[PDB]
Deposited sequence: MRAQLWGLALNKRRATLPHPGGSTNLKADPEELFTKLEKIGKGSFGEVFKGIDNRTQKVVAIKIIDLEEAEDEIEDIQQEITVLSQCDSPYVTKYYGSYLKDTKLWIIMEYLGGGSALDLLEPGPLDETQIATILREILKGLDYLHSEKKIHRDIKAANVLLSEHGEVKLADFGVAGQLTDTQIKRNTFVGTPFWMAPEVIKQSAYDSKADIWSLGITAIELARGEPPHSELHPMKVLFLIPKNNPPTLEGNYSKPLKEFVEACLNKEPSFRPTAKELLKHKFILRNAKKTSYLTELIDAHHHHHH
């Protein structure tokens, strides 16, 4: 952290880009470089019991050096408020980019491939993301895809063994749910009360992708969504999955999807 410097001098705080984990988040300008940053501001008086989780995510983010994990720039204490500075990703979240209409399987495969590259990095570093979902996948204005909002060490994306109380294979399950979310717009059971979903996920057979989607994509989903974690493939293996190989294209193509969300 940094208790000496004054973040309100070092950064110009602009519009809020939504609420987030434990505080409000703002677009802002690093006044020395004029690069755009995301600023999360947490009132530490208003969040006693959550502070340890806050630090835990600070530690994990600071240990990540990858093109597929949102860059962390540091944190500052000003009076009661903790400022946390990350890079700003101007394309928005994958969830946002679902609004104008359905994604095609090229777009789905491209986003899934970049997520897999992030999970391969994290898992190779003996880390677990713990909250893979479309709302936690951020795109740069050039279409690069990055992971954010790590979960702490809502049920729809949770693996059954997480609910019952796991390793990196829990991220593979969440990726399967996220694949359904990117194809269909929402995860399985999204109409139901969360406490019903809490017993549905361990009780029921795994969700399947339903609709007129290609068979490789349905098999990609099925491969992720096996109740037995050891039967789930690794992220390295899924990077070679035929759905990915036959459908993913350059990430720069995803700028069309970002422009669409701007015209909507």
- Message: No C-alpha coordinates means not modelled. Give me those stretches of the deposited sequence in order.
- Response: 1-23, 177-191, 204-205, 305-306
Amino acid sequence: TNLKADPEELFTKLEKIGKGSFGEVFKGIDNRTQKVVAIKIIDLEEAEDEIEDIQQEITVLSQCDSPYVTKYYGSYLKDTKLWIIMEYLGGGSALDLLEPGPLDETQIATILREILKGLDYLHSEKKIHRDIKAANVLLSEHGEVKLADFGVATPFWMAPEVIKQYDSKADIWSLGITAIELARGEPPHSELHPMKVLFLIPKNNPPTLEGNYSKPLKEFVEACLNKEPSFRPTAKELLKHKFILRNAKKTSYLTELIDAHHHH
From here on, numbers count along this sequence of modelled residues.
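We call the rigid core the largest set of C-alpha positions that still match within 1.5 Å between the two forms.
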- Note on the structure: After core superposition, the stretch with larger RMS C-alpha deviation in 5 other deposited structures of this protein, comparing 109-117 and 154-162, is 154-162
- Task: With the rigid core held as the alignment frame, decide whether 178-186 or 79-87 lies farther from the shown form in 5 other deposited structures of this protein, in terms of RMS C-alpha distance.
- Result: 79-87
- Query: Where the other entries model residues on both sides, is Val197 skipped in at least a third?
  - Reply: no
- Message: Quick check on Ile29: across the other compared entries (only those modelling residues on both sides), is it unmodelled in a third or more?
- Response: no
- Message: Going by the mean C-alpha B-factor recorded in the entry, which is higher: 107-115 or 189-197?
- Response: 189-197
- Segment of higher mean CA temperature factor, 5-13 or 243-251: 5-13
- Most elevated Cα B-factor in the entry, residues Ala183, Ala153, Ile85, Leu138: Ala153
- Message: According to the Cα B-factor stored in this entry, which of the following is highest: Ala38, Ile58, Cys224, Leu209?
- Response: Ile58
- Among the chain's modelled residues, which third holds the C-alpha B-factor of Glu237? middle
- Task: Would you please rank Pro100 by its C-alpha temperature factor against the other modelled residues of its chain and give the third it falls in: lowest, middle or highest?
- Result: highest
- Mind checking which third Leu217 falls in for C-alpha B-factor across the chain? lowest
- Item | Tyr72 CA temperature factor, ranked by third within the chain | middle
- Note on the structure: Here the Cα B-factor of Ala148, set against its chain, lands in the third termed middle
